[PDB]
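Chemist: Got a structure here, written out as structure tokens. Questions coming.
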Amino acid sequence: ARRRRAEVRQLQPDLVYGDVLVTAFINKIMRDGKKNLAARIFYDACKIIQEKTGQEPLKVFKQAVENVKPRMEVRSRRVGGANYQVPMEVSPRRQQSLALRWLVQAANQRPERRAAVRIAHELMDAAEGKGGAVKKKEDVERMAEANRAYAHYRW
Amino acid sequence: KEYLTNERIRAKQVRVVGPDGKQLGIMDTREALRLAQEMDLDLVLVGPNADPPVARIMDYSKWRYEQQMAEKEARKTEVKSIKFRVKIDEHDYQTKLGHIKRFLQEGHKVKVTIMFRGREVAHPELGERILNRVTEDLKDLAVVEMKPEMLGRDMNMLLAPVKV
Amino acid sequence: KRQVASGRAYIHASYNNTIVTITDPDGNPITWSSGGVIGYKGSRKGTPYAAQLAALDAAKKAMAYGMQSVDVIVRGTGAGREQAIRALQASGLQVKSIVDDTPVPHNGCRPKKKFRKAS
Amino acid sequence: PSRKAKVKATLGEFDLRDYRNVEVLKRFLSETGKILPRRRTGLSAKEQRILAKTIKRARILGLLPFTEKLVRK
RNA sequence: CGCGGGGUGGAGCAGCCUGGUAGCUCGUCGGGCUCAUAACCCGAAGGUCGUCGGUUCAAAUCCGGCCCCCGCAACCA
RNA sequence: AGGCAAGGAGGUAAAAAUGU
RNA sequence: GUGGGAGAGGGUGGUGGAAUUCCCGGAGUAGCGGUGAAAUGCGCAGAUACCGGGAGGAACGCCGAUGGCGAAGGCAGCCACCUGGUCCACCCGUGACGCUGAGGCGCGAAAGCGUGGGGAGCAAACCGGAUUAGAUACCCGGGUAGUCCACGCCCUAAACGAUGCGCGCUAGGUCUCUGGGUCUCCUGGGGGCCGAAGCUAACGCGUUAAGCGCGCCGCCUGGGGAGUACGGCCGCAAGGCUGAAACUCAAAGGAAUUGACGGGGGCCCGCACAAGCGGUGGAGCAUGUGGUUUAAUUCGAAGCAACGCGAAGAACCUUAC
Ligand SMILES: [Mg+2]
Ligand SMILES: [Mg+2]
Ligand SMILES: [Mg+2]
Ligand SMILES: [Mg+2]
Ligand SMILES: [Mg+2]
Ligand SMILES: [Mg+2]
Ligand SMILES: [Mg+2]
Ligand SMILES: [Mg+2]
Ligand SMILES: [Mg+2]
Ligand SMILES: [Mg+2]
Ligand SMILES: [Mg+2]
Ligand SMILES: [Mg+2]
Ligand SMILES: [Mg+2]
Ligand SMILES: [Mg+2]
Ligand SMILES: [Mg+2]
Ligand SMILES: [Mg+2]
Ligand SMILES: [Mg+2]
Ligand SMILES: [Mg+2]
Ligand SMILES: [Mg+2]
């Protein structure tokens with residue numbers, strides 16, 4: 001953490017397509033190291049997506065991710081005893097990760113029944129431009145824009 | 001501190017208490033809302049978890065503001081000490097007296113201490129002579145709650161304003 | 001309401017706020033904008049972005065008087081003086097020049113201890 | 001670190017004390033109505049001081065500017 | 001005897017006043033922090049509003065008695 | 001366009017009592 | 001003496017702009033001010049910001065220096081006048097007229113006080129606001145005295161180079177200011193820095209000595225007690241100058257060194273924080289402890305580094321109670 005820029009792990013991409021993003025999403029979904037459960041979940045979600053909005057869910061997923069991707073957000077730095085929501089950029093990979101996380105959160109905030117289903121719905125919402133994850137992203141952006149005042153307190 | 005304003009109510013059928021305190025009954029939510037809109041002042045739910053959702057039909061924001069103002073006024077009232085010594089400089093004494101008077105005018109208590117060492121000979125006597133004199137000087141502003149009581153190494157008084 | 005198209009802009013910059021005054025070529029100020037003009041009450045009131053916003057607002061107001069031919073006079077040292085200038089440059093206004101009229105005493109009367117302690 | 005010109009050297013021989021010779025003293029002010037330093041002028045210390053005095057005198061008359069506002073910065 | 005005003009969790013204070021809506025600080029308990037104590041932060045507990053009672057759909061609130069506290073007018077003291 | 005340097009900014013460097 | 005120089009040296013009489021503040025005039029609108037955040041504050045009677053003019057009073061930006069000057073306090077716009085000191089060249093006059101200095105007399109910042117004037121800013125006290133446990137503080141808003149003048153006093157100071165003055169001596173180098181020269185280098189007088197010898201407790205000083213001397217005057221002889229008391233003198237007062245002792249302690253001290261330390265600096269590091277995931281604290285229960293009971297609840301372990309620890313196996317045993 002101190003010395004080097006700390007390398008970002010390259011994964012085996014998806015075995016069903018050839019997508020690292022997909023793999024990452026699956027991992028995020030996966031709690032407890034139950035991948036061959038969350039992988040199954042992911043594919044169920046994909047199938048559901050296909051059933052509804054009849055595009056290859058991979059592309060849909062990508063679109064959703066793009067929609068949630070934030071570009072400026074807020075960190076927290078204390079200055080003169082006051083704590084500031086410091087509005088700075090989000091780095092590409094990091095931003096992507098954040099988006100993924102948000103999607104997962106939304107899936108588990110949703111009141112609908114089953115694992116795949118919720119995720120699928122969330123993805124569809126993201127694609128549309130609505131839902132929970134997208135809303136969160138928007139809020140984050142606003143927090144940057146409500147507090148664009150402090151910008152100059154860059155890291 | 002903070003209640004559900006006009007449309008923030010899904011609490012079904014409401015206890016229609018105006019800003020006046022008058023009961024219009026157990027109206028719908030919607031009916032009550034309409035009434036509020038017409039009357040200009042919001043159906044604020046001061047007891048949603050009650051025998052009818054206590055729909056107090058005042059402007060919520062306005063009410064809040066009023067409360068805030070009241071609170072602010074309440075602050076501005078407090079205890080102000082003037083600690084003499086046994087040996088007194090007369091100018092100093094006068095200044096202290098003036099300060100006390102000012103405090104009383106403002107609305108603020110004046111706890112009037114002395115500082116005693118040991119030497120407790122005519123120390124208490126001296127304190128009495130001081131504090132009582134001070135009281136005599138500003139009876140118009142404050143009258144004494146606590147007389148010049150011995151604190152062992154102080155002599156405490158409390159001059160409390162005449163009217164509130 | 002009475003118009004001009006040409007004149008000036010005094011950027012008064014304090015640390016506590018940066019205010020942009022927009023005047024004619026005489027010295028009759030038509031259109032001013034402050035920190036509290038852009039809501040920002042308190043600290044932010046004087047921060048760069050706030051200053052910039054104020055400047056932008058002022059520019060917009062001026063444009064409601066056909067005003068393009070604006071000279072810009074930076075008065076005083078403040079955080080937003082450069083940002084304000086930048087905003088003005090961006091805006092879409094005919095900036096004549098970026099003249100700097102800092103009000104510096106030729107050894108005037110003793111300043112407040114604070115701005116002092118300068119010796 | 002400062003090597004571009006010397007206002008002494010860019011100039012020819014003249015009377016410093018001549019204050020009414022105002023066109024020529026204008027070189028020894030900056031773009032602002034300010035005196036150029038020993039380090040920018042490059043006169044003798046004595047010489048520099050004399051020049052400064054002359055400038056002040058000129059300003060007092062009204063021939064030279066007392067102050068300016070820095071342009072386009 | 002008169003008149004005035006007061007009475008709220010353990011202590012000081014808001015509310016009455018506008019009939020529905022009990023806060024604030026100090027303390028008490030417990031925890032956190034800390035090496036440790038103070039301070040600090042977090043919770044928790046704790047008031048039926050002197051009372052008899054009335055109101056009223058409902059009162060700390062409106063009314064009175066009685067209890068008091070407070071100042072003054074007041075004789076023996 | 002980059003190289004630094006000298007200057008001028010302005011931002012940041014919060015607070016936080018004690019001891020067998 | 002003659003000739004020449006530098007200079008914020010001192011005084012007296014003027015003036016010049018920037019700035020601020022205050023008012024008149026405009027033009028214009030919802031805040032400005034302020035801060036680590038804020039709050040009092042001012043503002044719709046219209047501020048703040050901006051232009052124009054006026055009224056002031058103070059203080060002199062840039063030059064500006066590490067610079068110059070004075071004996072020291074000190075001294076900065078510019079000009080004029082009055083004038084002090086000083087340096088140099090010539091070596092011309094004078095011939096030992098010199099050096100110091102108890103006392104004396106004079107100066108002497110800042111504050112202070114007296115009297116009169118003025119008063120824009122700042123600003124003790126003081127009134128506010130915050131901050132805080134408290135805030136008589138640091139922070140902010142005002143605000144009187146005072147800063148400014150004249151005249152009088154007062155005379156202290158880290159009045160410091162913490163280094164009395166004079167002269168002679170004893171390597172240089174460097175940068176500077178200033179004067180003369182036959183001027184890429186000489187020779188005087190200042191101001192700094194680095195170093196020969198030497199000194200010094202080291203630090204450092206080191207031709208501007210704290211080196212070698214000589215002259216003289218001031219003062220010291222442990223720290224507190226104490227610049228106090230007492231007396232005396234001075235002062236309108238505030239105070240100052242002069243200046244003890246009793247008692248007390250066996251130290252007070254300086255300079256360095258080694259560390260440790262710091263809400264000092266820089267360079268670094270650790271799951272130290274951040275980023276992320278998952279927990280404990282909430283619930284029950286499992287334990288270990290603290291505490292409290294008890295006939296005994298055996299003892300040990302104490303912040304990290306005690307607390308699912310000695311116990312890797314308490315029904316009796318173990319077991320110490
Ligand atoms: Mg001569
Ligand atoms: Mg006006
Ligand atoms: Mg000298
Ligand atoms: Mg001769
Ligand atoms: Mg002599
Ligand atoms: Mg003498
Ligand atoms: Mg007087
Ligand atoms: Mg002030
Ligand atoms: Mg306070
Ligand atoms: Mg105070
Ligand atoms: Mg102040
Ligand atoms: Mg005076
Ligand atoms: Mg001395
Ligand atoms: Mg020399
Ligand atoms: Mg040396
Ligand atoms: Mg010695
Ligand atoms: Mg003394
Ligand atoms: Mg030492
Ligand atoms: Mg973390």
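Identifiers in the structure tokens: chain A, B, ... in order shown; residue index from 1 per chain; ligand index from 1 in order shown.
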Within 10 Å of chain G, which residues of chain D are there when counting only C-alpha atoms (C1' of nucleotides)? Please give them as an MDAnalysis selection string.

Modeler: chainID D and resid 29:30 32:38 45:46 48:62 65:68

Chemist: What would the file look like if the residues just selected were written as an mmCIF file, in the first residue's frame with C-alpha atoms?

Modeler:
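Full text of part36.cif as output:
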data_model
loop_
_atom_site.group_PDB
_atom_site.id
_atom_site.type_symbol
_atom_site.label_atom_id
_atom_site.label_comp_id
_atom_site.auth_asym_id
_atom_site.auth_seq_id
_atom_site.Cartn_x
_atom_site.Cartn_y
_atom_site.Cartn_z
ATOM 1 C CA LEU D 29 10.133 52.135 -13.525
ATOM 2 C CA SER D 30 8.399 48.802 -14.110
ATOM 3 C CA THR D 32 3.532 49.256 -12.793
ATOM 4 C CA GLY D 33 4.324 52.710 -11.369
ATOM 5 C CA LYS D 34 7.170 51.187 -9.323
ATOM 6 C CA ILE D 35 10.940 51.633 -9.086
ATOM 7 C CA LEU D 36 13.115 48.875 -10.543
ATOM 8 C CA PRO D 37 15.514 47.323 -7.992
ATOM 9 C CA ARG D 38 19.317 47.353 -7.738
ATOM 10 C CA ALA D 45 24.343 51.572 -5.103
ATOM 11 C CA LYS D 46 24.894 55.313 -4.738
ATOM 12 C CA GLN D 48 20.712 53.669 -7.754
ATOM 13 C CA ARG D 49 19.763 55.720 -4.708
ATOM 14 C CA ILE D 50 20.235 58.953 -6.652
ATOM 15 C CA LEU D 51 18.008 57.613 -9.433
ATOM 16 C CA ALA D 52 15.344 56.647 -6.910
ATOM 17 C CA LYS D 53 15.446 60.130 -5.405
ATOM 18 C CA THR D 54 15.094 61.690 -8.847
ATOM 19 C CA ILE D 55 12.147 59.416 -9.639
ATOM 20 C CA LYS D 56 10.459 60.427 -6.392
ATOM 21 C CA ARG D 57 10.998 64.098 -7.223
ATOM 22 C CA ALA D 58 9.507 63.575 -10.678
ATOM 23 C CA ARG D 59 6.478 61.837 -9.188
ATOM 24 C CA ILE D 60 5.987 64.695 -6.742
ATOM 25 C CA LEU D 61 5.952 67.157 -9.673
ATOM 26 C CA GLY D 62 3.563 64.988 -11.643
ATOM 27 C CA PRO D 65 3.503 57.898 -12.364
ATOM 28 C CA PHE D 66 3.256 57.264 -8.652
ATOM 29 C CA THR D 67 1.528 53.920 -9.113
ATOM 30 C CA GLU D 68 -0.041 51.835 -11.877
#

Chemist: Identify all chain B residues at most 12 Å from chain E by counting only C-alpha atoms (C1' of nucleotides); ligands do not count. Present them as number ranges by chain.

Modeler: B: 1-3, 15-25, 44-48, 50-51, 54-56, 63, 67, 70-75, 77-79, 143-145, 162-164

Chemist: Write the residues of the preceding selection, restricted to N, CA and C atoms, as a compact mmCIF listing (two decimals), in the first residue's frame.

Modeler:
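Saved file selection_22.txt follows:
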# COMPACT_ATOMS: atom_id res chain seq x y z
N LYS B 1 -39.44 16.30 16.81
CA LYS B 1 -39.62 17.79 16.59
C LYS B 1 -40.50 18.05 15.38
N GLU B 2 -40.78 17.00 14.66
CA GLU B 2 -41.00 17.00 13.22
C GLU B 2 -42.08 16.12 12.47
N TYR B 3 -43.20 16.77 12.10
CA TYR B 3 -44.31 15.96 11.76
C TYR B 3 -44.63 15.94 10.27
N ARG B 15 -57.33 12.95 12.72
CA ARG B 15 -57.92 13.78 13.79
C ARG B 15 -57.73 15.25 13.47
N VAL B 16 -58.73 15.81 12.79
CA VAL B 16 -58.65 17.13 12.15
C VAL B 16 -58.67 18.28 13.18
N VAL B 17 -57.53 18.44 13.86
CA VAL B 17 -57.30 19.51 14.83
C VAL B 17 -56.64 20.65 14.06
N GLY B 18 -57.29 21.81 13.97
CA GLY B 18 -56.69 22.96 13.29
C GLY B 18 -55.49 23.55 14.02
N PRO B 19 -54.93 24.67 13.50
CA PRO B 19 -53.98 25.45 14.33
C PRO B 19 -54.72 26.13 15.50
N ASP B 20 -56.05 26.16 15.38
CA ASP B 20 -57.00 26.70 16.36
C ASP B 20 -57.28 25.72 17.52
N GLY B 21 -57.16 24.41 17.25
CA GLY B 21 -57.45 23.36 18.24
C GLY B 21 -58.82 22.69 18.10
N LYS B 22 -59.57 23.08 17.06
CA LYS B 22 -60.94 22.60 16.79
C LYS B 22 -61.00 21.27 16.02
N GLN B 23 -61.88 20.37 16.46
CA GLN B 23 -62.08 19.07 15.81
C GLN B 23 -63.11 19.12 14.67
N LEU B 24 -62.66 18.75 13.47
CA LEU B 24 -63.54 18.51 12.31
C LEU B 24 -63.85 17.01 12.12
N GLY B 25 -63.20 16.17 12.93
CA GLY B 25 -63.56 14.76 13.09
C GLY B 25 -62.52 13.75 12.65
N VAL B 44 -50.59 18.83 9.55
CA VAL B 44 -49.36 18.23 10.09
C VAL B 44 -49.68 17.20 11.17
N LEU B 45 -49.20 15.98 10.95
CA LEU B 45 -49.57 14.82 11.76
C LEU B 45 -48.76 14.73 13.05
N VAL B 46 -49.22 15.45 14.07
CA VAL B 46 -48.57 15.54 15.41
C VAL B 46 -48.76 14.29 16.30
N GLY B 47 -49.62 13.37 15.85
CA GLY B 47 -49.78 12.05 16.45
C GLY B 47 -50.37 11.04 15.46
N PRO B 48 -49.56 10.59 14.45
CA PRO B 48 -49.96 9.59 13.43
C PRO B 48 -50.28 8.21 14.03
N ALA B 50 -51.99 7.25 16.83
CA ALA B 50 -52.99 7.62 17.85
C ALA B 50 -54.45 7.33 17.44
N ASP B 51 -55.37 7.54 18.39
CA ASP B 51 -56.80 7.77 18.12
C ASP B 51 -56.90 9.01 17.22
N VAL B 54 -53.36 12.41 14.42
CA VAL B 54 -53.59 13.79 14.91
C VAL B 54 -53.15 14.85 13.90
N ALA B 55 -54.12 15.21 13.07
CA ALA B 55 -53.95 16.09 11.94
C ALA B 55 -54.10 17.55 12.38
N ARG B 56 -52.99 18.15 12.82
CA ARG B 56 -52.97 19.56 13.22
C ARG B 56 -52.67 20.49 12.02
N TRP B 63 -44.56 26.67 11.46
CA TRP B 63 -44.62 26.21 12.85
C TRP B 63 -43.22 25.97 13.38
N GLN B 67 -41.14 27.83 16.37
CA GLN B 67 -40.55 27.07 17.47
C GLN B 67 -39.07 27.44 17.64
N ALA B 70 -38.64 30.83 19.14
CA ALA B 70 -38.94 30.74 20.57
C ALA B 70 -37.72 30.23 21.33
N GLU B 71 -37.13 29.17 20.77
CA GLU B 71 -35.95 28.53 21.36
C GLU B 71 -34.81 29.53 21.47
N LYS B 72 -34.61 30.27 20.38
CA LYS B 72 -33.55 31.27 20.30
C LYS B 72 -33.74 32.32 21.39
N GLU B 73 -34.99 32.77 21.51
CA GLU B 73 -35.34 33.80 22.49
C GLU B 73 -35.05 33.31 23.90
N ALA B 74 -35.40 32.04 24.16
CA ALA B 74 -35.14 31.40 25.44
C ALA B 74 -33.67 31.52 25.88
N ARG B 75 -32.71 31.31 24.97
CA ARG B 75 -31.26 31.45 25.26
C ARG B 75 -30.83 32.82 25.82
N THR B 77 -30.75 36.03 31.55
CA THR B 77 -31.04 34.56 31.51
C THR B 77 -29.99 33.69 32.23
N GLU B 78 -28.78 34.23 32.44
CA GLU B 78 -27.63 33.46 32.94
C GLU B 78 -26.95 34.04 34.18
N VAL B 79 -26.15 33.20 34.85
CA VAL B 79 -25.48 33.57 36.11
C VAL B 79 -24.15 34.28 35.87
N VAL B 143 -32.64 42.15 43.65
CA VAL B 143 -32.70 41.88 45.09
C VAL B 143 -32.10 40.51 45.40
N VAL B 144 -31.60 40.38 46.63
CA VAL B 144 -30.78 39.23 47.03
C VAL B 144 -31.57 37.95 47.36
N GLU B 145 -31.31 36.90 46.58
CA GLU B 145 -31.76 35.54 46.87
C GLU B 145 -30.91 34.99 48.02
N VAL B 162 -35.02 42.20 39.95
CA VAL B 162 -36.30 42.52 40.61
C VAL B 162 -37.53 41.94 39.85
N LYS B 163 -37.69 42.33 38.58
CA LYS B 163 -38.76 41.80 37.73
C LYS B 163 -38.21 40.93 36.60
N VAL B 164 -39.03 39.97 36.14
CA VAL B 164 -38.68 39.07 35.03
C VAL B 164 -39.58 39.36 33.82

Chemist: Figure out the distance between CA of residue 27 in chain C and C1' of residue 47 in chain G, please, to one decimal in Å.

Modeler: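 Going from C1' of residue 47 in chain G over to CA of residue 27 in chain C covers 18.3 Å.
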
Chemist: Within 12 Å of chain G, which residues of chain B show up when using only C-alpha atoms (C1' of nucleotides), listed as number ranges by chain?

Modeler: B: 80-83, 95-96, 98-99, 102-103

Chemist: Mind writing the picked residues with N, CA, C and O atoms as a PDB file, in the first residue's frame?

Modeler:
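Below is the file selection_14.pdb, written as the result:
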ATOM      1  N   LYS B  80     -24.055  35.491  36.419  1.00  0.00           N
ATOM      2  CA  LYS B  80     -22.867  36.332  36.288  1.00  0.00           C
ATOM      3  C   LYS B  80     -22.279  36.567  37.670  1.00  0.00           C
ATOM      4  O   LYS B  80     -22.942  37.103  38.543  1.00  0.00           O
ATOM      5  N   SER B  81     -21.037  36.138  37.868  1.00  0.00           N
ATOM      6  CA  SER B  81     -20.368  36.311  39.155  1.00  0.00           C
ATOM      7  C   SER B  81     -19.518  37.577  39.207  1.00  0.00           C
ATOM      8  O   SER B  81     -18.828  37.914  38.237  1.00  0.00           O
ATOM      9  N   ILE B  82     -19.592  38.282  40.334  1.00  0.00           N
ATOM     10  CA  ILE B  82     -18.633  39.350  40.629  1.00  0.00           C
ATOM     11  C   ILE B  82     -17.915  39.051  41.954  1.00  0.00           C
ATOM     12  O   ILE B  82     -18.502  39.124  43.038  1.00  0.00           O
ATOM     13  N   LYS B  83     -16.647  38.664  41.827  1.00  0.00           N
ATOM     14  CA  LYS B  83     -15.825  38.246  42.962  1.00  0.00           C
ATOM     15  C   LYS B  83     -15.004  39.425  43.479  1.00  0.00           C
ATOM     16  O   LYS B  83     -14.013  39.826  42.861  1.00  0.00           O
ATOM     17  N   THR B  95     -16.962  49.906  39.536  1.00  0.00           N
ATOM     18  CA  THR B  95     -16.972  49.280  38.215  1.00  0.00           C
ATOM     19  C   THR B  95     -17.759  47.966  38.268  1.00  0.00           C
ATOM     20  O   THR B  95     -18.617  47.697  37.401  1.00  0.00           O
ATOM     21  N   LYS B  96     -17.454  47.187  39.306  1.00  0.00           N
ATOM     22  CA  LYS B  96     -18.094  45.892  39.540  1.00  0.00           C
ATOM     23  C   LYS B  96     -19.597  46.061  39.662  1.00  0.00           C
ATOM     24  O   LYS B  96     -20.372  45.318  39.056  1.00  0.00           O
ATOM     25  N   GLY B  98     -21.430  48.526  38.602  1.00  0.00           N
ATOM     26  CA  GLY B  98     -21.952  48.944  37.300  1.00  0.00           C
ATOM     27  C   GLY B  98     -22.216  47.727  36.423  1.00  0.00           C
ATOM     28  O   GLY B  98     -23.284  47.604  35.794  1.00  0.00           O
ATOM     29  N   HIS B  99     -21.220  46.843  36.408  1.00  0.00           N
ATOM     30  CA  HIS B  99     -21.270  45.612  35.618  1.00  0.00           C
ATOM     31  C   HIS B  99     -22.472  44.768  36.031  1.00  0.00           C
ATOM     32  O   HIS B  99     -23.232  44.269  35.179  1.00  0.00           O
ATOM     33  N   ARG B 102     -25.694  46.235  34.883  1.00  0.00           N
ATOM     34  CA  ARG B 102     -25.835  45.983  33.450  1.00  0.00           C
ATOM     35  C   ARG B 102     -26.398  44.580  33.219  1.00  0.00           C
ATOM     36  O   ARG B 102     -27.356  44.388  32.428  1.00  0.00           O
ATOM     37  N   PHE B 103     -25.791  43.629  33.939  1.00  0.00           N
ATOM     38  CA  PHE B 103     -26.171  42.220  33.835  1.00  0.00           C
ATOM     39  C   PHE B 103     -27.643  42.048  34.205  1.00  0.00           C
ATOM     40  O   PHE B 103     -28.403  41.355  33.502  1.00  0.00           O
TER      41      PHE B 103
END

Chemist: Would you mind listing the residues within 12 Å of ligand 3, counting only C-alpha atoms (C1' of nucleotides) and all ligand atoms, as a VMD selection string?

Modeler: chain G and resid 7 9 68 to 72 74 85 to 86 189 to 191 208

Chemist: Residues of chain C classed as alpha helix (DSSP H) by DSSP on the backbone are to be reported as a PyMOL selection string.

Modeler: chain C and resi 48-63+81-91

Chemist: For the residues in the current selection, export C-alpha atoms as a PDB file, in the first residue's frame.

Modeler:
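Once written, out-v9.pdb looks like this:
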ATOM      1  CA  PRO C  48     -12.871  29.732  -6.001  1.00  0.00           C
ATOM      2  CA  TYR C  49     -15.846  27.874  -7.476  1.00  0.00           C
ATOM      3  CA  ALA C  50     -18.311  30.198  -5.748  1.00  0.00           C
ATOM      4  CA  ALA C  51     -16.419  33.211  -7.085  1.00  0.00           C
ATOM      5  CA  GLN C  52     -16.481  31.725 -10.581  1.00  0.00           C
ATOM      6  CA  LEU C  53     -20.220  31.141 -10.335  1.00  0.00           C
ATOM      7  CA  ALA C  54     -20.767  34.722  -9.189  1.00  0.00           C
ATOM      8  CA  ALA C  55     -18.714  35.997 -12.118  1.00  0.00           C
ATOM      9  CA  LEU C  56     -20.734  33.875 -14.537  1.00  0.00           C
ATOM     10  CA  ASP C  57     -23.982  35.201 -13.089  1.00  0.00           C
ATOM     11  CA  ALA C  58     -22.735  38.766 -13.450  1.00  0.00           C
ATOM     12  CA  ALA C  59     -21.752  38.109 -17.063  1.00  0.00           C
ATOM     13  CA  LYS C  60     -25.188  36.678 -17.792  1.00  0.00           C
ATOM     14  CA  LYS C  61     -26.829  39.730 -16.223  1.00  0.00           C
ATOM     15  CA  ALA C  62     -24.645  42.030 -18.326  1.00  0.00           C
ATOM     16  CA  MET C  63     -25.620  40.109 -21.458  1.00  0.00           C
ATOM     17  CA  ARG C  81      -9.886  36.556  -8.380  1.00  0.00           C
ATOM     18  CA  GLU C  82      -8.132  34.213 -10.838  1.00  0.00           C
ATOM     19  CA  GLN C  83     -11.076  31.815 -11.059  1.00  0.00           C
ATOM     20  CA  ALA C  84     -13.457  34.725 -11.621  1.00  0.00           C
ATOM     21  CA  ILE C  85     -11.193  36.006 -14.395  1.00  0.00           C
ATOM     22  CA  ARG C  86     -11.143  32.554 -15.982  1.00  0.00           C
ATOM     23  CA  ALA C  87     -14.940  32.371 -15.807  1.00  0.00           C
ATOM     24  CA  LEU C  88     -15.204  35.762 -17.492  1.00  0.00           C
ATOM     25  CA  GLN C  89     -12.800  34.639 -20.217  1.00  0.00           C
ATOM     26  CA  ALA C  90     -14.879  31.509 -20.803  1.00  0.00           C
ATOM     27  CA  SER C  91     -18.240  33.291 -20.583  1.00  0.00           C
TER      28      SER C  91
END

Chemist: Show me, as JSON, numbers by chain, the residues that have an atom within 10 Å of range 5-7 of chain F when counting only C-alpha atoms (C1' of nucleotides), minus same-chain residues fewer than 2 positions from it.

Modeler: {"D": [1, 2], "F": [3, 9]}

Chemist: As a ChimeraX atom specification, could you give me every residue of chain C near chain G (at most 12 Å apart, counting only C-alpha atoms (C1' of nucleotides))?

Modeler: /C:2,7-46,73,75-76,101-116

Chemist: With C-alpha atoms kept, could you save the residues just selected as a compact mmCIF listing (two decimals), in the first residue's frame?

Modeler:
# COMPACT_ATOMS: atom_id res chain seq x y z
CA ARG C 2 -31.65 50.90 -20.07
CA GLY C 7 -18.13 49.02 -20.04
CA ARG C 8 -16.31 47.40 -17.13
CA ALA C 9 -16.26 44.72 -14.44
CA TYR C 10 -14.69 45.25 -11.04
CA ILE C 11 -13.79 41.95 -9.41
CA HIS C 12 -13.53 42.84 -5.75
CA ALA C 13 -11.89 39.84 -4.14
CA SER C 14 -11.77 39.24 -0.41
CA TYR C 15 -10.93 35.90 1.23
CA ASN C 16 -14.39 35.89 2.80
CA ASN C 17 -16.22 36.43 -0.55
CA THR C 18 -15.51 37.54 -4.09
CA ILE C 19 -17.98 40.05 -5.55
CA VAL C 20 -18.12 41.02 -9.23
CA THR C 21 -19.52 44.44 -10.08
CA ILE C 22 -20.38 45.19 -13.74
CA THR C 23 -20.44 48.86 -14.71
CA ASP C 24 -20.53 51.05 -17.86
CA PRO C 25 -17.42 52.77 -19.35
CA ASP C 26 -18.13 55.71 -17.00
CA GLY C 27 -18.36 54.09 -13.58
CA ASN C 28 -22.07 53.54 -13.16
CA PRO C 29 -22.50 49.96 -11.92
CA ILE C 30 -25.46 48.11 -13.37
CA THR C 31 -24.96 44.46 -12.54
CA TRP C 32 -23.35 42.93 -9.45
CA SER C 33 -23.00 39.37 -8.15
CA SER C 34 -21.82 38.00 -4.80
CA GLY C 35 -21.33 34.69 -2.93
CA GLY C 36 -24.77 35.06 -1.32
CA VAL C 37 -26.10 35.71 -4.83
CA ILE C 38 -25.18 32.06 -5.55
CA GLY C 39 -26.75 30.85 -2.26
CA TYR C 40 -23.38 29.87 -0.75
CA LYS C 41 -23.50 31.33 2.77
CA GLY C 42 -20.38 31.03 4.94
CA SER C 43 -17.00 29.59 3.98
CA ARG C 44 -17.81 28.51 0.42
CA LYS C 45 -19.04 32.09 -0.17
CA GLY C 46 -15.36 32.99 -0.76
CA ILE C 73 -10.38 45.22 -13.17
CA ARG C 75 -9.40 44.70 -7.09
CA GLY C 76 -7.87 43.09 -4.04
CA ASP C 101 -6.12 47.46 -9.36
CA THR C 102 -4.99 46.08 -6.00
CA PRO C 103 -5.75 48.71 -3.27
CA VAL C 104 -2.27 48.74 -1.66
CA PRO C 105 -1.50 51.61 0.82
CA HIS C 106 1.67 53.59 0.12
CA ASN C 107 2.34 52.82 3.79
CA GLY C 108 -1.08 53.92 5.05
CA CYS C 109 -2.61 53.68 8.52
CA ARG C 110 -1.82 50.71 10.78
CA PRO C 111 -3.88 47.70 9.65
CA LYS C 112 -5.76 45.33 11.96
CA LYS C 113 -3.33 43.08 13.91
CA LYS C 114 -4.65 40.11 11.89
CA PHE C 115 -3.88 41.27 8.29
CA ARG C 116 -0.93 42.82 10.01

Chemist: Please return, as a list in words, all residues of chain F lying within 12 Å of chain C when only C-alpha atoms (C1' of nucleotides) are considered.

Modeler: residues 8, 9, 10 and 11 of chain F

Chemist: Tell me, in Å to one decimal, how far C1' of residue 117 in chain G is from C1' of residue 22 in chain G.

Modeler: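 A separation of 20.8 Å between them.
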
Chemist: Taking only C-alpha atoms (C1' of nucleotides) and all ligand atoms into account, which residues have an atom no farther than 12 Å from ligand 7? I'd like them as JSON, numbers by chain.

Modeler: {"G": [113, 114, 115, 116, 117, 145]}

Chemist: Using C-alpha atoms (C1' of nucleotides), can you export the residues from the last selection as a PDB file, in the first residue's frame?

Modeler:
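And here's selection_25.pdb as it stands now:
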ATOM      1  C1'   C G 113       0.906  61.388  33.520  1.00  0.00           C
ATOM      2  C1'   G G 114      -0.025  67.049  33.417  1.00  0.00           C
ATOM      3  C1'   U G 115      -2.329  71.157  30.286  1.00  0.00           C
ATOM      4  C1'   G G 116      -4.191  72.639  25.884  1.00  0.00           C
ATOM      5  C1'   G G 117      -5.358  70.939  20.774  1.00  0.00           C
ATOM      6  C1'   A G 145      -7.739  56.020  26.833  1.00  0.00           C
TER       7        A G 145
END
